[PDB]
Structure formats: C-alpha cells, structure tokens
Amino acid sequence: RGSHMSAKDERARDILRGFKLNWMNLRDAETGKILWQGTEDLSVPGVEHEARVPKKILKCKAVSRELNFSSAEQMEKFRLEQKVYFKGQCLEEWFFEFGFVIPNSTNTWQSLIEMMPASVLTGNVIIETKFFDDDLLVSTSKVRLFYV
C-alpha cells in the first residue's frame with residue numbers, strides 16, 4: 001500500500017495548475033479569413049471538450065491557428081503533440097514547439113496546419129493534444145469536433 005511522487009510529477013502538476021489556454025482562432029491560411037474563434041481552456045485534461053467549426057474549413061488547403069496562453073510556471077521547451085482521430089483511427093500526427101516560457105507570462109503562438117464529408121466527420125473527429133515541457137508530459141486533452 002502506497003505511492004511514489006517525484007520532482008517531475010510535482011513540476012508537471014504545478015505547470016498544469018498555472019497553465020491556461022485563454023483563446024484560440026483558426027483562419028484560412030491563404031485569404032486570412034477568420035473561420036473559428038474559441039475561449040475554452042483546452043489544456044484541461046480528463047474531460048471531453050467540444051468545438052463547432054464551419055463546414056467550409058474542410059475546403060481550406062491550409063489553416064493558420066493562433067493560440068493565446070498563460071503560464072505561472074517557467075518551461076524550458078514548451079511543445080504540443082497532436083493527433084487527429086477519426087472513429088479512433090489516427091489520420092494525422094502534428095508537432096509544434098514554442099520553446100522557452102517565461103514565468104507568469106501571457107504568450108501568443110501562431111501555427112500553419114496543412115475526402116470525407118462534414119456529415120461523416122462531424123462528432124466523429126477527436127483532436128488529442130499533449131502538452132510537454134521537453135521530456136515532461138504536463139497534460140493530455142481531447143476536443144470533439146463538429147462541422148457546422
């Protein structure tokens with residue numbers, strides 16, 4: 001009976017406690033047309049988040065994403081790994097690295113993200129996001145997408 005807590009376990013939890021995704025948007029990477037804006041803290045694990053995006057986003061060759069996030073804790077190499085799941089099948093693997101995060105900072109992060117109809121995809125796509133500081137997994141979050 002009992003458990004172990006490491007310094008890395010403490011740090012992971014402390015980063016997550018101090019971390020908040022404040023807002024996020026998606027634009028058509030070519031035209032710059034704003035497709036979706038959201039304010040849900042998608043860093044929160046355990047729960048299933050939801051996002052309702054317009055059907056027209058599927059016609060985009062590439063999407064520009066902008067994230068605004070706050071962090072109480074310092075991070076050396078803040079990064080995201082993302083998986084696009086369709087009915088549990090991983091369609092795409094993405095990798096984004098921000099780098100150093102100043103303690104008690106608010107930061108902005110822009111990323112470029114490059115067949116099935118909206119009627120099939122809607123409610124069946126899950127984006128899983130893993131938040132790291134280098135080796136350290138801080139959070140795993142899930143967002144179910146609806147194409148509306």
# chains A, B, ... in the order shown; residues from 1 in each chain; ligands from 1

$ select_by_dssp --residues "chain A" --states "alpha helix (DSSP H)" --output "JSON, numbers by chain"
{"A": [7, 8, 9, 10, 11, 12, 13, 14, 15, 16, 17, 18, 118, 119, 120, 121]}

$ closest_atom_pairs --of "stretch 28-51 of chain A" --to "stretch 95-116 of chain A" --cutoff "12 Å" --atoms "only C-alpha atoms" --output "Markdown table"
| residue | atom | partner | partner_atom | distance |
| --- | --- | --- | --- | --- |
| A:28 | CA | A:112 | CA | 9.8 |
| A:29 | CA | A:112 | CA | 7.3 |
| A:30 | CA | A:112 | CA | 10.6 |
| A:32 | CA | A:112 | CA | 11.8 |

$ select_by_dssp --residues "chain A" --states "strand (DSSP E)" --output "PDB file with C-alpha atoms, in the first residue's frame"
ATOM      1  CA  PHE A  19      -1.391  26.943 -17.338  1.00  0.00           C
ATOM      2  CA  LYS A  20      -4.443  28.290 -19.181  1.00  0.00           C
ATOM      3  CA  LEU A  21      -5.350  28.447 -22.859  1.00  0.00           C
ATOM      4  CA  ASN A  22      -7.094  31.839 -22.926  1.00  0.00           C
ATOM      5  CA  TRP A  23      -8.213  31.916 -26.549  1.00  0.00           C
ATOM      6  CA  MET A  24      -7.641  30.368 -29.948  1.00  0.00           C
ATOM      7  CA  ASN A  25      -8.616  31.046 -33.537  1.00  0.00           C
ATOM      8  CA  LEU A  26      -8.413  29.430 -36.967  1.00  0.00           C
ATOM      9  CA  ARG A  27      -8.065  31.366 -40.256  1.00  0.00           C
ATOM     10  CA  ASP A  28      -7.826  30.353 -43.888  1.00  0.00           C
ATOM     11  CA  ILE A  34     -11.335  34.049 -39.832  1.00  0.00           C
ATOM     12  CA  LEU A  35     -13.063  30.614 -39.683  1.00  0.00           C
ATOM     13  CA  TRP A  36     -13.415  29.971 -35.931  1.00  0.00           C
ATOM     14  CA  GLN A  37     -12.724  31.619 -32.569  1.00  0.00           C
ATOM     15  CA  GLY A  38     -12.913  29.908 -29.146  1.00  0.00           C
ATOM     16  CA  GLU A  48     -14.045  15.947 -23.386  1.00  0.00           C
ATOM     17  CA  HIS A  49     -14.056  19.439 -24.885  1.00  0.00           C
ATOM     18  CA  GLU A  50     -16.128  20.380 -27.931  1.00  0.00           C
ATOM     19  CA  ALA A  51     -15.557  22.705 -30.862  1.00  0.00           C
ATOM     20  CA  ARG A  52     -18.089  23.664 -33.528  1.00  0.00           C
ATOM     21  CA  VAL A  53     -16.247  24.688 -36.717  1.00  0.00           C
ATOM     22  CA  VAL A  63      -5.280  26.684 -41.779  1.00  0.00           C
ATOM     23  CA  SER A  64      -3.451  29.277 -39.679  1.00  0.00           C
ATOM     24  CA  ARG A  65      -4.010  28.761 -35.932  1.00  0.00           C
ATOM     25  CA  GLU A  66      -3.327  31.371 -33.246  1.00  0.00           C
ATOM     26  CA  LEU A  67      -3.219  30.405 -29.519  1.00  0.00           C
ATOM     27  CA  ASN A  68      -3.013  32.736 -26.518  1.00  0.00           C
ATOM     28  CA  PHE A  69      -1.867  31.029 -23.321  1.00  0.00           C
ATOM     29  CA  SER A  70      -0.767  31.997 -19.816  1.00  0.00           C
ATOM     30  CA  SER A  71       1.712  30.117 -17.620  1.00  0.00           C
ATOM     31  CA  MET A  75       9.064  26.000 -19.102  1.00  0.00           C
ATOM     32  CA  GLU A  76      12.335  25.320 -20.967  1.00  0.00           C
ATOM     33  CA  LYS A  77      10.878  23.747 -24.141  1.00  0.00           C
ATOM     34  CA  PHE A  78       7.098  24.024 -24.232  1.00  0.00           C
ATOM     35  CA  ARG A  79       5.665  21.909 -27.058  1.00  0.00           C
ATOM     36  CA  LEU A  80       2.485  20.284 -28.325  1.00  0.00           C
ATOM     37  CA  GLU A  81       1.951  16.912 -29.950  1.00  0.00           C
ATOM     38  CA  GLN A  82      -1.439  16.458 -31.596  1.00  0.00           C
ATOM     39  CA  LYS A  83      -3.318  13.529 -33.104  1.00  0.00           C
ATOM     40  CA  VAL A  84      -6.391  13.807 -35.344  1.00  0.00           C
ATOM     41  CA  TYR A  85      -8.547  10.717 -34.652  1.00  0.00           C
ATOM     42  CA  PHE A  86     -11.481   9.650 -36.846  1.00  0.00           C
ATOM     43  CA  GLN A  89      -8.150   5.839 -36.252  1.00  0.00           C
ATOM     44  CA  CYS A  90      -5.278   8.361 -36.207  1.00  0.00           C
ATOM     45  CA  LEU A  91      -5.374  10.250 -39.529  1.00  0.00           C
ATOM     46  CA  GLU A  92      -2.654  12.836 -38.787  1.00  0.00           C
ATOM     47  CA  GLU A  93       0.186  13.396 -36.305  1.00  0.00           C
ATOM     48  CA  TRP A  94       1.285  17.013 -35.659  1.00  0.00           C
ATOM     49  CA  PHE A  95       4.214  18.505 -33.728  1.00  0.00           C
ATOM     50  CA  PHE A  96       4.575  22.176 -32.603  1.00  0.00           C
ATOM     51  CA  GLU A  97       7.315  23.644 -30.389  1.00  0.00           C
ATOM     52  CA  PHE A  98       7.041  27.045 -28.699  1.00  0.00           C
ATOM     53  CA  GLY A  99      10.288  26.879 -26.680  1.00  0.00           C
ATOM     54  CA  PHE A 100      11.042  28.881 -23.533  1.00  0.00           C
ATOM     55  CA  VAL A 101       8.083  30.147 -21.480  1.00  0.00           C
ATOM     56  CA  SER A 105       3.706  35.257 -18.805  1.00  0.00           C
ATOM     57  CA  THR A 106       0.972  35.575 -21.408  1.00  0.00           C
ATOM     58  CA  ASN A 107       2.079  34.376 -24.836  1.00  0.00           C
ATOM     59  CA  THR A 108       0.820  34.129 -28.409  1.00  0.00           C
ATOM     60  CA  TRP A 109       1.598  31.242 -30.775  1.00  0.00           C
ATOM     61  CA  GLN A 110       0.817  31.044 -34.476  1.00  0.00           C
ATOM     62  CA  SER A 111       0.982  27.740 -36.423  1.00  0.00           C
ATOM     63  CA  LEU A 112       0.402  26.617 -40.016  1.00  0.00           C
ATOM     64  CA  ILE A 113      -1.607  23.371 -40.341  1.00  0.00           C
ATOM     65  CA  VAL A 125     -13.217  13.592 -35.081  1.00  0.00           C
ATOM     66  CA  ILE A 126     -11.206  13.883 -31.848  1.00  0.00           C
ATOM     67  CA  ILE A 127      -8.090  16.075 -31.593  1.00  0.00           C
ATOM     68  CA  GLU A 128      -5.864  14.772 -28.785  1.00  0.00           C
ATOM     69  CA  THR A 129      -3.330  17.350 -27.581  1.00  0.00           C
ATOM     70  CA  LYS A 130      -0.332  16.503 -25.382  1.00  0.00           C
ATOM     71  CA  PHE A 131       1.378  19.434 -23.621  1.00  0.00           C
ATOM     72  CA  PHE A 132       5.089  18.931 -22.791  1.00  0.00           C
ATOM     73  CA  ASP A 133       7.974  20.743 -21.271  1.00  0.00           C
ATOM     74  CA  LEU A 136       7.823  16.123 -19.181  1.00  0.00           C
ATOM     75  CA  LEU A 137       4.212  15.323 -20.141  1.00  0.00           C
ATOM     76  CA  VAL A 138       2.084  18.039 -18.464  1.00  0.00           C
ATOM     77  CA  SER A 139      -1.414  17.348 -19.827  1.00  0.00           C
ATOM     78  CA  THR A 140      -3.337  15.261 -22.346  1.00  0.00           C
ATOM     79  CA  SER A 141      -6.567  16.848 -23.607  1.00  0.00           C
ATOM     80  CA  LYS A 142      -9.312  15.851 -26.020  1.00  0.00           C
ATOM     81  CA  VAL A 143     -11.610  18.005 -28.206  1.00  0.00           C
ATOM     82  CA  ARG A 144     -14.501  16.536 -30.238  1.00  0.00           C
ATOM     83  CA  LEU A 145     -15.026  18.454 -33.492  1.00  0.00           C
ATOM     84  CA  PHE A 146     -18.356  19.248 -35.085  1.00  0.00           C
ATOM     85  CA  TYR A 147     -18.528  20.583 -38.652  1.00  0.00           C
TER      86      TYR A 147
END

$ closest_residue --among "A:62, A:73, A:54, A:40" --to "residue A:10" --atoms "only C-alpha atoms"
A:73

$ closest_residue --among "A:121, A:72, A:44, A:58" --to "residue A:11" --atoms "only C-alpha atoms"
A:72

$ atom_distance --atom1 "atom CA of residue A:2" --atom2 "atom CA of residue A:46"
23.2 Å

$ atom_distance --atom1 "atom CA of residue A:118" --atom2 "atom CA of residue A:47"
24.0 Å

$ atom_distance --atom1 "atom CA of residue A:87" --atom2 "atom CA of residue A:123"
9.3 Å
